[PDB]
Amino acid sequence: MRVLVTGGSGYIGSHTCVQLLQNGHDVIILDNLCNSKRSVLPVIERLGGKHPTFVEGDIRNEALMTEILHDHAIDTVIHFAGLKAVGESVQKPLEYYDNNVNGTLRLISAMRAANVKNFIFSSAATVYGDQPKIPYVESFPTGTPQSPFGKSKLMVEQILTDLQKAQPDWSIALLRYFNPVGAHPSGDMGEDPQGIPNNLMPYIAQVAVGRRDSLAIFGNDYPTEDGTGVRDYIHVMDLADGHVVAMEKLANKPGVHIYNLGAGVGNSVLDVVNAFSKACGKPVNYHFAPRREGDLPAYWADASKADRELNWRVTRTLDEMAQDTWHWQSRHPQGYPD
């Protein structure tokens, strides 16, 4: 298939692109490089075993989007582009709504213009809001995210749903990611956060690599087995693979296909720490800090639907998620070159 991958040079998009190329699709990456570097492109080509086309541009540029879609005769679009720092979003709402809500609107409008009606959106478990019923199931009604970031994702899901209602031939997948971690097995590609990492794993990795002193565990008083937060960590490769399948199976299948993408099991902060200590052969230093604003105690996905409907399920373990991250972190301490 001819697929446009927005945000294709980012963390999850890069991994998905390698998988797409492996399944022999023709990939065109669209990224503005605000959060990634061109240095990854060669790696994606190599690991993918095929050349993906790269266009530096912004999803907010509707005219460019339209031209791209036509010029490359795109069949389907995978939309990972956007801003995603939760904390930042609170301090800078406009930027989030613009890049995520308007960004997606400009892209789908371009799609409409170019007659492209196959779409896959990067959504997030935050859309469920403060849902006491766990695991989270797709049929649960959505909640109210507590940040501009989460609200921006929910708003896009709403808009896409309404778009489909109005243009029923559209096939739109809302892929709600859980907690993506891990890296390509080669250890040549991985998450490359600039500045302080906001997520657990990368933070751990930086402490482990000697860049940071101790990991601050946000809260030790939650109602969980060990008192620390619990989440559903999913390997970036399993996510990559899930996007490939979603894209292949759902193309031309009209509707709004919602799927949780996670392992379907929860792991606490200590569990992750322990898994990393084991992978890097030394104890990861850590300390207990206060609860982080907005954090829910525990949640994980109910991923049976993607299993049943797409025959998709995670295959990598927590150990591998820790090991693969350690490998990349260790093999590329300075991340992708400038």
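Residues carry their position along the shown sequence, with the first being 1.
When the mean C-alpha temperature factors of 153-161 and 110-118 are read from the deposited coordinates, 110-118 comes out higher. Higher mean CA B-factor, judged across 101-109 and 77-85 from the recorded values: 77-85. Sorting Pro180, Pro141, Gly227, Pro254 by the CA temperature factor given in the entry leaves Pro141 at the top.
Set against one another, the Cα B-factors of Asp238, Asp71, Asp232, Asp188 in the record reach their highest point at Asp188.
Ranked against the other modelled residues of its chain, the C-alpha B-factor of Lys133 as given in the entry falls in the lowest third. Sort the modelled residues of the chain by CA B factor and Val55 lands in the highest third. Ranked by C-alpha B-factor against the other modelled residues of its chain, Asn311 falls in the highest third. Among the modelled residues of the chain, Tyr203 sits in the highest third by CA temperature factor in this PDB entry. Per the PDB record, residue ranking by Cα B-factor puts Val244 in the middle third of the chain.
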